[PDB]
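J.: got the complex split up, this is the first portion:
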Amino acid sequence: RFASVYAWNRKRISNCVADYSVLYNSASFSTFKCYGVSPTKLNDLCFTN
């Protein structure tokens, strides 16, 4: 079950190593916009939280 958009869920992702290529290389997503960040270099960048 996902959230109702009026009550949109939030989860903190932290203290971990990502691989956004697992997401972006998948064909099932119909839309994958990014703002201030590029979906490829997203996998080279790193974040506080």
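T.: Happy to help now that I have it. Numbering: from 1, shown residues only, chains lettered A, B, ... in the order given.
J.: For the rest of this, base every contact and every neighbour count on C-alpha atoms.
T.: Fine.
J.: what's near enough to touch the spatially most central residue of chain A?
T.: Central residue of chain A (Cα atoms, centre = their mean): residue A:20, 6.8 Å from the mean position. By Cα atoms under 8 Å, 6 or more residues apart in numbering, residue A:20 lies in contact with A:42-43.
J.: 10 Å - rerun?
T.: Residue A:20 sits next to A:39-44 when contact means Cα atoms under 10 Å, 6 or more residues apart in numbering.
J.: And it, its phi and psi?
T.: The phi and psi torsions at residue A:20 (degrees, to the nearest 10) take the values phi -60, psi -10.
J.: Ok, the one 3 residues further on next?
T.: Geometry field for residue A:23 lists phi and psi as phi -70, psi -60, criterion degrees, to the nearest 10.
J.: Chain B comes next; put it on the structure above:
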Amino acid sequence: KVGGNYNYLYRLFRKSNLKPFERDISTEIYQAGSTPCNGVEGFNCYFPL
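T.: Putting chain B onto the chains we already have gives this:
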């Protein structure tokens, strides 16, 4: 013009950056995922212009 002067376009995606004074008018779909694009978008690919 009202509704948009779609006479003008730019390349939104490319697999790699241009060399100085290079030009690329190709319409081949840009690839984001595992497979070749086979002439369609969303299937691992998106249109670059």
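J.: Chain B added, so what about the contacts of residue A:20 now?
T.: Residues near residue A:20 by Cα atoms under 10 Å, 6 or more residues apart in numbering or on different chains: A:39-44.
J.: can I get these in a markdown table with distance to residue A:16, neighbour count and secondary structure?
T.: Formatted as a markdown table, the contacts of residue A:20 follow (distance: Cα to Cα, whole Å; neighbours: other Cα atoms under 10 Å in any protein chain shown; DSSP: H, G, I helix; E, B strand; the rest coil):
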| residue | distance to residue A:16 | neighbour count | secondary structure |
| --- | --- | --- | --- |
| A:39 | 19 | 17 | coil |
| A:40 | 19 | 13 | coil |
| A:41 | 18 | 11 | helix |
| A:42 | 15 | 16 | helix |
| A:43 | 13 | 14 | helix |
| A:44 | 14 | 11 | coil |
